[PDB]
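Note on naming: letters A, B, ... go to the chains in the order of the sequence lines (proteins, then strands), and numbering restarts at 1 for each one. These values consider heavy atoms only, across backbone and side chains, with no hydrogens, waters or symmetry-generated copies.
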Amino acid sequence: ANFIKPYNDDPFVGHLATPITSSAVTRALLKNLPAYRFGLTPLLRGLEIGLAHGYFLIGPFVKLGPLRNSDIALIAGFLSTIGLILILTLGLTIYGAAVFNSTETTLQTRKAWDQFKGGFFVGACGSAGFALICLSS
Amino acid sequence: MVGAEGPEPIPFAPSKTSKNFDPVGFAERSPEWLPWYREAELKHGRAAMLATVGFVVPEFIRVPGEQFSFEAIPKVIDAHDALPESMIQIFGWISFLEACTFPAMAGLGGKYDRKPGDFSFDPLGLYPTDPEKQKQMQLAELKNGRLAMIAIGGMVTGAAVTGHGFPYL
Amino acid sequence: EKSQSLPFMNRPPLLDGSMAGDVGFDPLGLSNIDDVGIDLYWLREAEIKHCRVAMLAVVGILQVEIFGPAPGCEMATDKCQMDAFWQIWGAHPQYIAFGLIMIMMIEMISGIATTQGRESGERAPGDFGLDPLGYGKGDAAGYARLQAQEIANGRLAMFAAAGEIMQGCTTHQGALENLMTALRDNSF
Amino acid sequence: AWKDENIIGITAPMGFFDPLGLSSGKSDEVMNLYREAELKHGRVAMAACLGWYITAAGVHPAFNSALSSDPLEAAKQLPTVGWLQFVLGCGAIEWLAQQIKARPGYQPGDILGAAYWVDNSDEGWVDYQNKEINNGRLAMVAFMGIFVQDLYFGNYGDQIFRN
Amino acid sequence: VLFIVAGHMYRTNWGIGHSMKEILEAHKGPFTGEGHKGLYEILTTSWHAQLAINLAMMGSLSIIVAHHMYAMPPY
Amino acid sequence: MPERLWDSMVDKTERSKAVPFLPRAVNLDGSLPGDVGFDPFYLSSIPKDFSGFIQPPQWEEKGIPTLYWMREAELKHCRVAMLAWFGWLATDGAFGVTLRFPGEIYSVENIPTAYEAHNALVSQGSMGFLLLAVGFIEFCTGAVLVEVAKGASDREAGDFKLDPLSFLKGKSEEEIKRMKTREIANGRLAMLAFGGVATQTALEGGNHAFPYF
Ligand code: CLA
Ligand code: CLA
Ligand code: CLA
Ligand code: CLA
Ligand code: CLA
Ligand SMILES: CC(=O)O[C@H]1CC(C)(C)C(=C=C/C(C)=C/C=C/C(C)=C/C=C/C=C(C)/C=C/C=C(/C)C(=O)C[C@@]23O[C@]2(C)C[C@@H](O)CC3(C)C)[C@](C)(O)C1
Ligand code: KC1
Ligand code: KC1
Ligand SMILES: CC1=C(/C=C/C(C)=C/C=C/C(C)=C/C=C/C=C(C)/C=C/C=C(C)/C=C/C2=C(C)CCCC2(C)C)C(C)(C)CCC1
């Protein structure tokens with residue numbers, strides 16, 4: 001009858017409850033992603049972000065980079081991934097240096113964002129090195 | 001309602017009696033399907049009774065056509081596959097008779113007062129007037145109809161395994 | 001009240017026996033049309049014009065197939081008048097185009113007289129005032145008989161002129177020798 | 001009992017259709033598992049029919065445009081690395097539907113969570129829910145009858161109308 | 001024939017045919033609220049709304065004419 | 001789950017007289033001449049206005065009873081088939097004389113049996129003229145069904161005023177109903193009789209000539 005209602009029963013907030021924003025598929029997927037899952041240390045949050053993101057990011061670098069058709073094609077795609085991860089970790093470092101000023105495990109604080117970007121850098125270089133193993137042998 | 005008496009013991013099950021014989025329990029699981037079940041039992045019963053007479057009578061006498069003879073078809077068991085133009089005319093006129101019962105099948109519950117299996121078909125008037133032996137006349141149709149349901153499976157496989165005449169070997 | 005011609009049907013309400021050939025024969029209810037510039041006035045003017053055109057067409061065929069074409073048009077020589085038209089068009093096409101534009105001026109004036117005669121009430125349908133001998137001056141019972149005789153001969157000639165077109169365009173012979181062909185074919 | 005608050009699927013010509021009495025006496029918990037089974041069988045079989053009918057005559061491109069004219073032999077030449085992918089990929093959704101199931105206002109086939117917007121009290125939403133389960137029930141038996149005529153009778157196409 | 005047959009779709013003085021207003025008000029679903037209700041009153045009271053549709057169609061048509069005249073040359 | 005249409009079609013108190021296990025149809029009252037309550041598929045109880053085939057329901061609000069439409073269609077099927085079975089046999093010489101028209105298009109050397117007369121005269125053109133002549137009568141007599149559907153006419157079904165010899169001029173209503181029953185009974189038999197002749201000659205066994213077996 002009506003699959004679009006105002007969000008939070010509030011007709012004047014700038015948001016709608018559609019089956020993209022408020023479906024049970026969306027509510028159950030988003031609450032279990034490591035950005036929003038309840039029982040997670042901020043080191044473990046970023047570690048799951050890094051393991052997801054460092055794994056696929058070796059993909060475009062090995063198959064499309066300048067050393068495509070070489071015998072060092074995989075280690076060139078791995079080194080380009082680590083260089084991209086260090087750029088992204090620098091972006092996380094300068095974000096937390098400006099946004100947060102001086103309860104733990106709450107992600108949007110200064111002490112926890114240093115845990116969050118540390119876990120991202122370990123997980124992203126770890127899963128880029130893991131895909132280095134699975135693509136070679 | 002009328003078919004649940006006995007004593008008539010169940011063979012290969014010496015403890016069970018046939019009085020209120022319902023081990024799966026279709027009467028309590030779905031009681032609204034019970035007038036559909038009685039209509040289906042009588043239609044299975046009346047078709048199997050003519051199937052028993054129809055399986056042993058063409059063993060001796062044949063209809064005077066010369067595509068139904070013993071030289072044409074000695075066995076009754078392959079007459080279904082040997083006379084296809086004879087089967088469509090049985091299937092066609094039964095299909096007409098069955099299509100005129102769809103508004104009776106569509107009102108088998110509490111729609112109108114037709115009892116299941118009662119097609120108001122008594123031209124010779126053999127239904128008794130007193131009610132207490134009408135039920136045993138109904139019980140005689142069910143017991144003879146249930147027996148012919150068992151028997152036509154034994155008649156056909158008794159002739160499919162051992163190709164022989166009437167009794168069997 | 002029932003129709004005279006179709007006594008199982010009710011009488012059509014706009015037909016009341018005032019017109020000449022009125023016996024209530026409108027089963028499709030076409031006299032009740034009042035929308036796309038068409039009403040009972042337009043259909044009666046169309047009936048009367050179809051009557052008079054077809055009446056002249058029948059004797060216009062029977063004049064040439066009996067006594068030949070007119071002098072100046074002796075180039076026809078065909079009893080089939082659907083084919084004899086194309087021999088007059090082949091040789092003297094200007095007189096046919098003279099008549100067809102003279103009809104065009106007459107018919108466009110008659111189309112104005114029909115729609116102005118319908119909006120006003122001073123013109124009967126199919127009436128042009130062409131009574132030069134003056135049959136309409138006296139004996140209104142004998143004048144209504146002439147109004148009915150025009151309609152009765154005109155409704156008959158409508159079938160005859162449509163037939164002589166169609167059995168001239170399909171047999172290529174002519175009307176009177178289509179008639180002799182049918183007489184010898186179906187004699188018993 | 002359970003059928004009084006679960007009126008989806010109760011459509012003409014039948015009423016509540018249960019000759020064998022499998023719903024009689026059973027709890028609402030196991031009856032909700034039967035609706036979860038009926039909808040999941042009906043939704044896989046509706047997608048199985050559209051998977052069968054496209055690959056039988058039409059648009060079997062690609063897997064390099066080869067491998068497929070008949071749907072049952074086409075389940076052989078593809079690698080099993082592509083099979084357990086499909087097995088793990090559906091099991092990711094079967095895992096996510098468990099999280100949708102472990103929620104208070106969950107209805108036994110509502111993976112989308114349409115009970116947030118409409119309930120079974122408006123007739124147009126019940127009528128469209130019945131259209132899914134009727135076409136699911138029809139595509140269940142019509143997938144089995146067309147699997148079995150390609151397993152045994154050899155033909156994978158339209159044995160009723162033409163080809 | 002396809003154009004003459006299509007010119008007998010809409011209701012006029014003889015009862016048969018479709019009302020465009022009743023076509024539009026019937027086409028509404030659970031995502032779109034009232035649906036196409038009120039679009040008949042827009043397109044019979046706003047000349048600008050009709051020109052919005054007719055220019056977007058005649059411009060799209062002229063673009064279709066360009067592709068179809070080079071590829072299937074008609075003259 | 002909705003109220004079933006079964007209840008609005010049957011009487012549910014009375015049984016059909018011809019088929020005793022079925023309930024009586026709501027429109028079959030025994031007033032019509034051939035009425036013995038025979039409607040096992042309940043086609044008289046169909047709530048559609050069947051005069052929509054002639055003039056659509058969108059033209060104006062009208063409605064003919066289904067039993068009026070069915071009897072008008074039964075009587076037209078009766079009277080066509082009585083003439084057609086007689087016309088098939090008379091042009092085949094079943095009554096002694098092979099009745100043919102005086103034209104040689106219709107002679108027995110041109111058209112040997114009545115089996116071959118349809119396709120021979122669609123090609124010649126006699127059947128196209130019959131379709132004009134029949135269609136003229138059907139446009140002029142079929143429009144009374146619209147008049148009945150509007151509630152304007154009290155005409156009975158199949159009840160033109162065609163009694164040229166006046167067999168029913170001063171007769172009572174039970175002898176008119178007897179005479180209307182003999183029309184219906186001979187018509188229903190001739191409909192099955194035309195079904196026999198048109199099918200038995202169409203088999204590959206043959207016998208296009210009388211007695212068509
Ligand atoms: C924007 C258009 C475009 C594209 C598609 C490419 C593509 C490419 N460039 Mg080129 N290039 C471009 C513009 C582009 N270039 C421009 C504007 C310049 C400056 C003039 C260059 C200068 C340049 C140089 C000098 C070189 C290239 C090279 C390359 C190749 C590898 C690059 C790489 O490894 O990135 C890595 C890619 C990523 C890290 C991410 C890709 C984006 C991902 C896939 C998006 C995924 C989103 C996902 C689908 C959505 C979510 C899904 C789900 C979760 C919901 C690749 C073919 C290299 C080469 O050797 O060519 C063969 C190379 O040496 N480029
Ligand atoms: C198939 C035809 C048929 C039908 C529709 C019925 C229906 C009925 N019977 Mg009857 N019955 C039958 C055949 C049938 N029977 C036969 C052949 C016999 C002799 C063995 C009996 C002996 C019998 C007795 C003694 C009694 C009944 C009773 C009943 C009524 C009880 C309700 C019920 O349980 O439904 C039954 C539902 C079905 C029959 C359909 C289910 C079919 C199953 C699923 C298939 C398997 C059947 C069988 C085991 C096949 C074995 C072959 C296999 C191993 C290869 C119901 C009207 C009772 C009664 O009349 O109370 C008023 C009663 O007391 N029946
Ligand atoms: C439907 C009427 C009609 C038509 C279309 C024709 C057509 C023809 N006739 Mg025929 N004819 C007709 C009636 C008709 N005739 C009548 C009623 C007679 C007397 C019985 C004849 C006797 C006749 C003879 C003897 C011959 C023809 C010939 C011809 C052909 C050449 C003549 C020509 O083109 O003149 C050109 C047209 C004109 C000179 C003017 C036409 C009349 C004008 C438009 C006035 C009409 C007034 C109207 C009748 C009433 C008033 C209307 C309004 C005020 C209400 C031509 C095909 C000749 C032929 O070639 O045969 C093969 C020939 O020899 N006709
Ligand atoms: C105006 C009326 C009319 C008339 C008289 C004719 C006449 C004819 N047309 Mg034409 N035709 C007409 C209008 C007419 N048509 C129309 C409106 C069209 C369509 C536009 C056609 C289209 C057309 C075509 C395409 C053809 C004809 C043909 C014919 C001829 C065929 C013979 C026939 O069937 O006669 C009609 C037959 C009768 C009326 C039967 C007579 C019935 C008798 C009198 C009844 C008496 C019986 C009695 C009571 C019983 C007792 C006696 C018993 C004891 C012995 C005939 C000359 C054909 C032709 O040209 O042949 C060469 C032909 O091919 N017509
Ligand atoms: C269902 C009725 C019916 C039909 C469809 C036919 C059809 C045919 N007849 Mg047959 N015929 C019939 C009954 C019928 N007949 C009857 C009852 C007799 C008297 C015994 C005949 C005597 C007969 C003979 C002698 C011959 C035919 C022939 C033919 C064939 C060609 C006739 C033709 O086209 O000329 C056109 C016919 C006419 C114009 C006659 C008028 C028809 C009217 C307009 C029909 C409607 C009037 C109706 C009787 C009453 C109206 C009721 C209404 C007002 C409510 C054609 C296949 C011929 C043939 O080819 O044989 C092989 C042939 O020689 N018929
Ligand atoms: C408490 C409990 O459980 O105890 C049990 C114990 C007990 C006693 C065992 C019971 C039982 C189970 C029973 C009685 C099961 C019996 C089942 C039965 C009697 C099943 C045959 C049906 C007839 C047929 C199929 C006829 C076909 C007819 C024909 C003509 C054909 O064969 C087809 C054919 O001509 C064609 C068309 C095509 C050609 O190819 C050729 C052939 C010839 C093939 C109870 C009562 O349930 C209770
Ligand atoms: C509801 C959808 C449905 C349709 C529309 C349908 C139709 C046909 N079936 Mg199928 N059928 C099922 C469902 C359907 N069947 C199911 C659920 C099963 C159990 C798995 C099943 C089993 C078999 C077997 C063993 C055979 C079979 C056949 C036919 C053939 C009969 C025409 C005839 O000959 O009268 C027509 C096309 C025979 C055949 O010849 O297949 C080409 C055959 O041997 N069926
Ligand atoms: C009742 C619903 C219905 C379904 C569910 C269905 C399904 C399929 N049809 Mg069938 N079909 C009709 C109805 C249905 N078809 C109708 C009304 C007609 C006209 C009388 C018709 C005719 C043909 C012809 C000529 C062909 C055909 C095929 C297929 C095949 C592949 C999809 C496709 O391309 O249509 C799938 C199984 C082709 C084929 O069998 O390839 C091996 C083929 O050549 N169909
Ligand atoms: C499901 C789905 C989807 C999605 C997809 C995607 C997006 C995917 C992704 C995925 C991914 C993205 C994956 C990942 C993976 C990863 C991993 C698996 C990793 C691991 C790692 C490791 C294991 C490492 C380790 C280490 C370290 C840490 C350090 C030391 C060394 C080493 C190496 C040992 C879509 C949308 C289509 C829809 C449908 C369904």
Under 3.5 Å, is there a donor-acceptor pair between the side chain of F:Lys161 and the main chain of C:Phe8? no
Between C:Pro27 and F:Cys140, which heavy-atom pair has the shortest distance, and what is it? CB-O, 3.6 Å
4.5 Å side-chain heavy-atom contact, C:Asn186 and F:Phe101: no
To the closest 0.5 Å, what do you measure between CG (C:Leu28) and CD (F:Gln55)? 11.0 Å
Just wondering, are more than 12 heavy atoms of other shown residues or ligands nearer than 6.0 Å to NE2 in F:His208? yes
More than 12 heavy atoms of other groups within 6.0 Å of F:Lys171 NZ: no
Heavy-atom count check: over 12 atoms from other residues, nucleotides or ligands less than 6.0 Å from C:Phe128 CZ? yes
Give a yes or no on this: more than 12 heavy atoms of other residues, nucleotides or ligands lie within 6.0 Å of atom CZ of F:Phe95. yes
Under 4.5 Å from a heavy atom of chain F, the part of C:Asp185 involved: backbone
Please check this pair: side chain of F:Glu147 against backbone of C:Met9, looking for a donor-acceptor N/O pair closer than 3.5 Å. no
For the NZ atom on F:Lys48, are there more than 12 heavy atoms of other groups (residues, nucleotides or ligands in this structure) within a distance under 6.0 Å? no
